[PDB]
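Consider the single chain below, provided in structure tokens and representing the form deposited without its partner chain.
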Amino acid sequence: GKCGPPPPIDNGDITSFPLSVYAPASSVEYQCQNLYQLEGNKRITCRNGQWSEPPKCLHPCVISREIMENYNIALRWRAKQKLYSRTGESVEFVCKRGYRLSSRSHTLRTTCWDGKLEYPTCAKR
């Protein structure tokens, strides 16, 4: 019932010293790299010669100056804001000077989720 190494996952790995073979009833813990967010079971187990299903690392979002330019918006915090936001982080925007929030836009704060971030839209006053 021994297992080989636990499955590799993209953008993350186990937190322990690696073994080449694992006894049944072993477990391991995964961590995702900094900018990524674990989804699934952080700890998996070797039973019946197999590993239970490893988790996934959800992607950060890269803020787009071009979409902001097209939608007539700007960051609320231009000096502070990192280019990469994590899954689950929100970004706050403002309309550019002399523009106002469109009626069918979202409002000025959106949330990053596994590489996708929506943006609000403003229209000229």
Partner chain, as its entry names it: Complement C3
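Residue numbers count along the first chain shown, from 1.
As for the form deposited with its partner chain bound, it is not shown, yet the points below apply to it.
J.: Hey, in the deposited complex, does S16 get a heavy atom within 4.5 angstroms of its partner chain?
T.: It does: once its partner chain is placed as it appears in the deposited complex, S16 has a heavy atom within 4.5 Å of it.
J.: Tell me, yes or no, whether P60 is in contact with its partner chain in the deposited complex, where a contact means a heavy atom of each within 4.5 Å.
T.: Output for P60 is yes: heavy atoms within 4.5 Å of its partner chain.
J.: My question is simply whether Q31 lines the interface with its partner chain in the deposited complex - judged by any non-hydrogen atom within 4.5 Å.
T.: Yes.
J.: Is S102 a contact residue for its partner chain in the deposited complex, using a 4.5 Å heavy atom cut-off?
T.: Contact check for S102: no, nothing within 4.5 Å of its partner chain in the deposited complex.
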